[PDB]
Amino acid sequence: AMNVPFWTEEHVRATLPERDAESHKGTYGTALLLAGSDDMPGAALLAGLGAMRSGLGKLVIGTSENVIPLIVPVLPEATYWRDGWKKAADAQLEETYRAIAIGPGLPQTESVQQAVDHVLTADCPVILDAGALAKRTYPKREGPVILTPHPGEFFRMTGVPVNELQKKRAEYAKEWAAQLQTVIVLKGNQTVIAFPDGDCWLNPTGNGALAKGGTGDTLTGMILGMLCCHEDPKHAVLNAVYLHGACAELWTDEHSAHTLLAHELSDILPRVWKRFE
């Protein structure tokens, strides 16, 4: 209705970064992932895998102490900030991170919002997902704030009912990205990527294989990693959403759309990303 353009293959190809011979892991930065609670532990593994697959140099996972042992055997490349999402409620971040994500597998509590307030004082891009998504405003800061709501979370954030939202997804996403001065990745078929400067795109990739628990956690991780290897954070977000969807399309070539598990998106990404190089 607003003729929002698709972020196409051509755009992805033109903007994906090189990983040059003369680089070291510092070139690609350290990401912080604040995710996973004793009650919802898997989200940290999913987002962790997505992040480390997506071109960062190092990952620190600030998860609950009891979640750490669940990640290690699957993602032994990650390091930890023990009870980090909880500690961030109380402490300013001491360390410098290339990018931060908070919220997958975290409860919708006031302490999580305290952590969010502290995350927002760093200079880097920050992603808020899942339990970090609330009805609130955001402080003026340097780096972008990227919100990743599904339609129900968008309702929690705005009071726009899901049935109204779905009739005018790009119009609402654009309006609220402007009002909040945040990026909004409004999930669903034809995910909307709305920027606070008024740019907006639709994602052309993906299918119903994604309509299952965990695929959003994987996407948050993918955005986090891509923020570390792209110079332009806008391109990071757009490429992450695109490639995430593309992985589901590769899956359905030889596998039923009913049968995908989110972690497999991460396993598919290496070959899918190669195709766009």
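One-based numbering along the sequence shown.
Enquirer: So which stretch wins on mean C-alpha B-factor, 227-235 or 41-49?
Expert: Taking the mean B-factor of the alpha carbons in each, 227-235 is higher.
Enquirer: Can you let me know which of the two, 264-272 or 12-20, has the higher average C-alpha B-factor in the entry?
Expert: On average, C-alpha B-factors are higher across 12-20.
Enquirer: Have a look at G214, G36, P69, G26 and flag the one whose Cα has the highest B-factor in the entry.
Expert: In this record, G26 carries the highest C-alpha B-factor of the candidates.
Enquirer: I'd like to know which of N207, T79, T121, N203 has the highest C-alpha temperature factor in the PDB entry.
Expert: Among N207, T79, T121, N203, the PDB entry lists the largest C-alpha B-factor for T121.
Enquirer: What third of the chain, by the recorded C-alpha B-factor, contains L180?
Expert: According to the entry, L180 has a C-alpha B-factor in the chain's middle third.
Enquirer: Looking at the entry's B-factor column for C-alpha atoms only, identify whether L133 ranks in the lowest, middle or highest third of its chain.
Expert: Middle third, going by the recorded CA B-factors of the chain.
Enquirer: Taking the C-alpha B-factors as the PDB entry records them, is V162 in the lowest, middle or highest third of its chain?
Expert: It belongs to the highest third of the chain when residues are ordered by C-alpha B-factor.
Enquirer: Select lowest, middle or highest to describe the third in which the CA B-factor of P151 falls within its chain in this entry.
Expert: For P151, the deposited C-alpha B-factor lands in the highest third.
Enquirer: By the record's CA B-factor, is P73 among the lowest, middle or highest third of residues in the chain?
Expert: Its C-alpha B-factor belongs to the lowest third of this chain's values.
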